[PDB]
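Consider the single chain below, provided in structure tokens and representing the form deposited without ligand ADE.
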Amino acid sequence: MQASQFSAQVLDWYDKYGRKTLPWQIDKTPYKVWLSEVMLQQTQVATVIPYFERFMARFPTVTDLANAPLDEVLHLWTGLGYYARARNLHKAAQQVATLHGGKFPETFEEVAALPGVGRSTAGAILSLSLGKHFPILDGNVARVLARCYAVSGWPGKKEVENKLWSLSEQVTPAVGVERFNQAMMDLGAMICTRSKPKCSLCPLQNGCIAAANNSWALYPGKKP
């Protein structure tokens, strides 16, 4: 599928069916997007919403979070699991307060330098909260791309990972980047699922190679 057709079909789908009312999509800021991305990394959206609201009420700004005792952060995290996320969350808040005056930095290198924030999370923060032109690649997004373009191989191999990042850059547009990047997460979370994807509801079904061959189980590849 031509990349300009890929992006247009995904944005047209998002306009009518996409999620736009999650709390971290209303009056968006780099802090709110960062906080939601870290909570969502290993936890389902329904579990996250009450925690996100409790964290924003107690810590309205990243400086408030930075100045709080770590034990209070860990207490409020209880039930989200994967507490390395919370330790790094607090360290990153302290880095923003100390190096950046309490305001989130707006360059890719400074955001990726934060503890707990990798290449995809940095692009997510900058594209979704400020409209900067970066693509994303988490497991949801990688599964949509690998099925549509038939990318076999284990993404734990560098050459496969690099092919998937290049494909993501290619289909991600500049105009509407915030809509496209949320739409791709929506698609991998609710439609292009690990088992038995819902191809009839997918706006890529007219050009997807896995759908044409009923071969979604091959993409992405598994660990050997």
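Residue numbers run from 1 along the displayed sequence.
Not on display, but discussed next: the form deposited with ligand ADE bound.
Not one of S7, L11 and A174 is positioned with any heavy atom within 4.5 Å of ligand ADE in the deposited complex.
Interface membership of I49, defined by any non-hydrogen atom within 4.5 Å of ligand ADE in the deposited complex, is ruled out. Within 4.5 Å of some heavy atom of ligand ADE in the deposited complex lies at least one heavy atom of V45. Contact check for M185: a non-hydrogen atom falls within 4.5 Å of ligand ADE in the deposited complex. In the deposited complex, no heavy atom of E161 sits within 4.5 Å of ligand ADE. Checking 70 to 78, 89 to 97, 134 to 142, 108 to 116 against ligand ADE in the deposited complex, the stretch whose residues place heavy atoms within 4.5 Å of it is 134 to 142. In summary, among the residues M56, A66, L40, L167, the only one with a non-hydrogen atom within 4.5 Å of ligand ADE in the deposited complex is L40. Although ligand ADE is not shown here, in the deposited complex the stretch 48 to 80 places no heavy atom of any residue within 4.5 Å of it.
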